[PDB]
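Chains as they are written, first to last, in this note's numbering: chain G, 1 to 50; chain E, 51 to 171; chain F, 172 to 389; chain V, 390 to 490; chain Y, 491 to 714; chain B, 715 to 879; chain U, 880 to 1044; chain C, 1045 to 1209. Cβ atoms here follow ideal geometry from the backbone N, Cα and C, with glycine treated the same way.
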Amino acid sequence: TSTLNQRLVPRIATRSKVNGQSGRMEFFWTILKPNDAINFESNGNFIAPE
Amino acid sequence: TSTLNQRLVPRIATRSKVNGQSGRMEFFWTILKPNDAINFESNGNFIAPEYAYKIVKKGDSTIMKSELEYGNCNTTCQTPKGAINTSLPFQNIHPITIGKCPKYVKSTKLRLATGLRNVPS
Amino acid sequence: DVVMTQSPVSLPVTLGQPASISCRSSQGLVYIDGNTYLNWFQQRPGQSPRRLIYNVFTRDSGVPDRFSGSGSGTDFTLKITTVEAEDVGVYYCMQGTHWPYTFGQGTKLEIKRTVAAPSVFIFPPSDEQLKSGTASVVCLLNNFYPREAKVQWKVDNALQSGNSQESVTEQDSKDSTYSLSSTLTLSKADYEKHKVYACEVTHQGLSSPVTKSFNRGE
Amino acid sequence: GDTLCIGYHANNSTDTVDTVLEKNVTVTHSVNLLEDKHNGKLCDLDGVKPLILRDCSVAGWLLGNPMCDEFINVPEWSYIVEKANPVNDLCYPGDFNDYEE
Amino acid sequence: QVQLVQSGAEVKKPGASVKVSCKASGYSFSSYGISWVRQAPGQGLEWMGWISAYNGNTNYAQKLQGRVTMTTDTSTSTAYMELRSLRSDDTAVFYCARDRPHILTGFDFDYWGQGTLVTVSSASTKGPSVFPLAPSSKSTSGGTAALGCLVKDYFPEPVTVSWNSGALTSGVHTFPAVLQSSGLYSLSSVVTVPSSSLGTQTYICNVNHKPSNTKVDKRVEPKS
Amino acid sequence: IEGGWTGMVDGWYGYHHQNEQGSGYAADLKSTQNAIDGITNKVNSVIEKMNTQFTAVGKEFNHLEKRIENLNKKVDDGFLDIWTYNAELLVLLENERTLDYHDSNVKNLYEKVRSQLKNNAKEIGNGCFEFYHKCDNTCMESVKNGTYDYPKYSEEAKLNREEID
Amino acid sequence: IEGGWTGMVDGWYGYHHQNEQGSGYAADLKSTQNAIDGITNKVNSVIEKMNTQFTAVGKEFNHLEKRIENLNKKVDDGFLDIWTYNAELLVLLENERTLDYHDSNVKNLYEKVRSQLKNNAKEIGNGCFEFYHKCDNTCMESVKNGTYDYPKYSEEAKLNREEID
Amino acid sequence: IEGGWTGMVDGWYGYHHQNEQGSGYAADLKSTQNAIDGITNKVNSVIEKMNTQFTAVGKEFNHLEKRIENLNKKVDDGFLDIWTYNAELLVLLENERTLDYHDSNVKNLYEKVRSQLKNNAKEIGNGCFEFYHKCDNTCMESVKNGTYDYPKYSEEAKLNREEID
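Below you can see the structure in the form of structure tokens.
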């Protein structure tokens, strides 16, 4: 983003099946200023914003 | 690493020869989670890691700074200056303590008054 | 008022296994004197209670070093290393500094932790009491680790409850081995009404429940 | 004549207790909250010996300093004892980072 | 040194006053106080009261305040606990313990007494009816044939059973008495002796109910 | 009452009864016991200090001047020497409150005995009541138990005053 | 003065005038009004607490252990329970200061009346002035208004003393 | 003692001796000097304030909302207005302790002179001892130096009491 160039990584490690699903899905946010670009690049484990 | 993508640089600047060596060697650490990768890339001034401690039985502890011997007595507590086996609520000895150990106060005396002014005859 | 909660009521131990007994108070137990007051007590079965730790950190004159009173806040504990055999018995917290003095509930100790091997028996009534009017039959259980074996009573295949009464011995000093003697007393009329008096014993050492019939005419 | 008098308690407790108005006030009965009782010889905790790191600093034990190598596969320790001013282990010239962390 | 002698065992009917005495000596009685504790039959320990010999500072437990009356005879160094009104629920054994006299000072149940049990029910004393047992099915013949006597239908608690002139030593597992729901009692005293010695070993239950002095020597016979 | 009583080792606040029969030191049971209950509860409640949770907090410069360390350092060093001072004040505070509570109980008992006795006695000495009439051992108990009755001994006392009047 | 006056519902500090004509409860106007002004100003000024500015402050671990959150958390939790305690102390402080201020105003008025009356009256009771001479309703006002004059009634009072002397 | 002495400009606590020969204002040397030593040590010790070290601490938003600045800001602003209040309390505290210490020294000296003189004098006025007998200049020193002797002047004083008795 403008400043949040947050190059992240998944991690293959959780606990028991919560509500029938053992894996986790951490979600994110960012307040975005006008006329600003959000460069999303991923090749897995990514829940993209729509 | 997972998050510590710590792209560092050496610096060519120290003081006099300490123990016969003028240059410096800052060392590092990182707690590492299982199934995680550590991408080390360098083309100089790098002291690479070849051995590491597997963290096991994580349990309460500390790092005591005192010069004292070992005791043959299982005492409920240890402080840099000694051990404590009483029940009074607070200490003045040392903040750093082990498991069971009263809280730490910097006061010289904390006595609550529970009786009358003692005035004999 | 004060509430002394004793967490580990039932405490089987094996010889030489430091075990601990926790007493938790509703309010702080300090007093105007300055010292806390949780002198632990031990009433060895068949004997009168005895004192252990004066206040919270003072062993009594005739108390083994094994016994050790501990704790500073509402949660106090008592740990005895090398749990021995006279160590077994009931223990109580001490009365709170509040005048409501509260001993709390009790904590019982066991000698070791082996498995059960009971010798079950039953005793039909002699004709002597069978003439007084009362008719009672005794089921006997000589040795096993716990104090209960659910001796249930079937008269002509009909479970009998209430008419039964169970009495329990203590852990034999030689070998931790409690003994039981459930008795079921009934009138002569019920004795003559129903010939067949099967019990039923149930515990850990037995994968199969043992019932001994013992009919009226043998 | 018959008389009745009123009075408060007095003992021989030299206990000194301070107040807002006065200090070193001797009271009949008092409770103490602080304490300075410590043996001085570092004893054990719950039957768990500590990693008395003798002279070598905590860094040396971790970084594997050749002197003081005896402490490598020592089993679990209730706590870790480091002598101040580590002398035997110079840990070589260098500055450890994120140290107290 | 340690000598807190309690009074003798006492038996009464509901609604009658009871008086227990704990005489003390062998240790300085410098106004030291005395508190009394009750243990319901095989149940918890409940504190009942405390009296300071130094003063007349009684502290009867809220639960039981009207009935309970406590006294001290400094001259004989003897304390007394008196329950004016009796209840079947009150039936229990009572215990004594020393205490510190000054309220300012804390408490010390350093010495405890001999438990005076007190029974309270509307039932008169009755002699026990001893009845024998037999190895009908031979029991565990290859192990130990078991033989017993049943001491029943008696109202005071103290009973002493002697097996074969008391000479019998191991094998005896006298059991704790159980209140028959009609107010009486029933003991069971059994022995485990190998079925080898059926007639050679004599079997006699020599029981006595001390409060009624029913000294009765009962015969154990091996009916099979 | 500017003088302490060593003989009153049973309770704090007490009376020194003196009759034709003799002289003794009897502590007031309700005053001492109720006061002991309140003082003890003050003590145990004051103990509650409830330090902040152990929030697993440490950071350091990380070689990049992450003063979070010197911040978190000060924060802990500043919470102490502030709470400690504050705690020293609370001790001193409670100390005085117990002391003036004691003085108040004294004065309350002296008013109790004044209210019962009224003009049947002289206020003399440091809190001493000289009875014009003869308060018997029971009568001394009645004053203590709050069950003293002015009229019975009133007329006798009145004539004695008029004799010295 | 160990007893409160219920009849003096107009102001705090007052005088109970008694003449041959009658008896009333007159409050001192200047003492009460000035004291009310000072106490009210203390109250409103104490209210000023001026909490720290709302510096729009929040952070969290950000999944990278940014304890700035647990730091900023403690910081706010530590500022409270410290300021609150500190504020409890200031209340207690001001409380006493108002109470001793009141006692001081009492004693100041008693010295005022002593200074004016001097040996023209007897100090008797709990702050009562028995006039040897007869202070008229006006004379009672003059003592209150601070305009009392010793000489006029002096000689009459002096002879009365000598009569009982 | 409700009145201050302007003539006693040598020391705080003093005695106004009056003999047939004359009248003077003599300060008690040991009381004043010891008290001055203790008060001075209180003053210098209170000064010790030992502010936190200068930990070279400053940060700012760094254009990336690094509130470390507003954190470190509050931290310093919160340490002040807390320590300042706390220091104001310590001043007020020590202030009273010096004042009541002074009152205690007064009362201790008055008990000293009472203990020596006993029934050889009358307690009259605001801390004045009227000698039944004639305490000579030396005798006045002996009371001051603590070396006064009751028996020598006892019998003379006793007869004087009986004369006015």
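Beta-ladder partner(s) of residue i, from DSSP
i                 : result
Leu677 of chain Y : Y:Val641
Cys842 of chain B : V:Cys394, B:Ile838
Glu371 of chain F : F:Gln323
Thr568 of chain Y : Y:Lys513, Y:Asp563
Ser737 of chain B : B:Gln732
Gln604 of chain Y : Paired residues: none, contrary to the question.
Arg528 of chain Y : Y:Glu536, Y:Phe584
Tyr262 of chain F : F:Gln213, F:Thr278
Exposed unless 16 or more other CB atoms sit within 10 angstroms - verdict on residue i
i                  : result
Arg588 of chain Y  : buried
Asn1116 of chain C : buried
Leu440 of chain V  : buried
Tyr867 of chain B  : buried
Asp979 of chain U  : exposed
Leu1203 of chain C : exposed
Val254 of chain F  : buried
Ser66 of chain E   : exposed
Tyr1057 of chain C : buried
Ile961 of chain U  : buried
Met571 of chain Y  : buried
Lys997 of chain U  : exposed
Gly388 of chain F  : exposed
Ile31 of chain G   : exposed
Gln342 of chain F  : buried
Own chain partners of residue i with C-beta closer than 6 Å, once the 5 adjacent residues on each side are dropped
i                 : result
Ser611 of chain Y : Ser578, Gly673
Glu536 of chain Y : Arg528
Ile134 of chain E : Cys127
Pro646 of chain Y : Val501, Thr615, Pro701
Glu371 of chain F : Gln323, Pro380, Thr382
Residue i, DSSP secondary structure in three states
i                  : result
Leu573 of chain Y  : strand
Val309 of chain F  : strand
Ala635 of chain Y  : strand
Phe958 of chain U  : helix
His731 of chain B  : strand
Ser626 of chain Y  : coil
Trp1049 of chain C : coil
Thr977 of chain U  : helix
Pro289 of chain F  : coil
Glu1020 of chain U : helix
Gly376 of chain F  : coil
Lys1093 of chain C : coil
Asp433 of chain V  : strand
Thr911 of chain U  : helix
Chain-order list of residues whose beta-carbon lies under 7 Å from that of residue i (same chain, five-residue window excluded)
i                 : result
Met854 of chain B : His731, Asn733
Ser419 of chain V : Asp404, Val406
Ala48 of chain G  : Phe40
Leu431 of chain V : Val470
Inter-residue CB distance, residue i and residue j (contact presumed, cutoff 8 Å)
i                 : j                 : result
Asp407 of chain V : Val416 of chain V : Between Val416 of chain V and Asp407 of chain V the Cβ distance is about 10 Å, and since that is not below 8 Å, they are no contact.
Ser685 of chain Y : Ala635 of chain Y : 4 Å
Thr356 of chain F : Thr305 of chain F : 6 Å
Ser196 of chain F : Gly267 of chain F : 6 Å
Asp742 of chain B : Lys858 of chain B : 7 Å
Interface flag, residue i vs chain H, CB-CB below 8 Å
i                  : result
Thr1096 of chain C : As a matter of chain content, chain H is missing from the structure shown, whose protein chains are G, E, F, V, Y, B, U and C.
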